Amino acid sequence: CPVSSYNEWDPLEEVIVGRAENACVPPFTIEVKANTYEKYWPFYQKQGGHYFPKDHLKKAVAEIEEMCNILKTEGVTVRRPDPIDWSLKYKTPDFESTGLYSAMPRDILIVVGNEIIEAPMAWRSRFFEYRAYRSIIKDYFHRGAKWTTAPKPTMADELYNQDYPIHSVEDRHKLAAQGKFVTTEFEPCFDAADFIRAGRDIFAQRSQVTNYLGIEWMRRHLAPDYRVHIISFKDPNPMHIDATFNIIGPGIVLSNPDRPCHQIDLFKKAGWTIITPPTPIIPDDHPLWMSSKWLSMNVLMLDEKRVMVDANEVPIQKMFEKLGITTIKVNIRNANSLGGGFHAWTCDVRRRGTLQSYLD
């Protein structure tokens, strides 16, 4: 079976890497506004529905081709989504929208064992994102993998908190503490990236795009073999867990200094090593439209002792080096603008290893 991955560190053999092509600025709706930094609001207000800066996309394409070259050298089979125009306007009975991109496979696909799971998504601009990956998924299906598509939400207004403290309010930390974000509990919804795998245990975070209904759906779908746990952090704008609590080895995790975990004791007690990375060195003047600066810790492990880290982040490189971890430096400064690091731009289809417990 081509599909087989139980965690984030076993020897990588096959991966899907996203595309920067035809990426489009999402329409500036409630859920998009909730994610965007004040700094970029004008960009969104004017660019919404049109392609992200073509000059920038050309550089991102270049950067990702090089990253694929390197993965190939490291002995990894690379698959890529199909090219699609994300500017096509679609209309369901509940809403109308233009698309985003197929840059982040991690956002939409998660592999648990020999099964590929397509997350429902929570953003209107990402409703039909799965279309880019069907050619790859049908092939794995023909070859034996299990294929599951979690329930696709209606994404009706009812799913969003029309009156969320968007604009700037920060007490959104208070709602955050109450497990309350821009998505309601109207229907299940989640991005695959809010889940991070550690064998028989999977950790999930209730974020702006992943609700309790979505988490419960996964937990209930993977039981009894896998245990899905919920963990939270200090963060007024959570979306995906891989730039907050990135698990890089059996009992080793990278915890974002700015986003501490309320349940860190579960891990200290289990005898896990909690490493806090150094601060990103990316200039404040570089466009990070969909994200924070912490993409530096969004690393991808080729195996336990090999990490693909950003060429520009020397401090985090040094940290891995003192730990005895071989750093493979790839530069993706421009691809970073679309919202992800290596963990986000990929989806590990097959790693060599077995289903085990590490919290045990």
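Numbers follow the displayed sequence, beginning with 1.
Set 349 to 357 against 4 to 12 and average the Cα temperature factors; 349 to 357 ends up higher. When the mean C-alpha temperature factors of 98 to 106 and 246 to 254 are read from the deposited coordinates, 246 to 254 comes out higher. Comparing the listed residues 67, 30, 308, 335, the entry records the largest Cα B-factor for 30. Between the residues 80, 220, 259, 173, it is 173 that shows the highest Cα B-factor in the PDB record. In this PDB entry, residue 147 carries a Cα temperature factor that places it within the lowest third of its chain's modelled residues. Annotation for residue 298: CA B-factor lies in the lowest third of the chain's modelled residues.
Per-chain ranking of the deposited C-alpha B factor places residue 26 in the middle third. Annotation for residue 319: C-alpha temperature factor in the middle third relative to the rest of the modelled chain, per the entry. Per-chain ranking of the deposited C-alpha B factor places residue 165 in the highest third.
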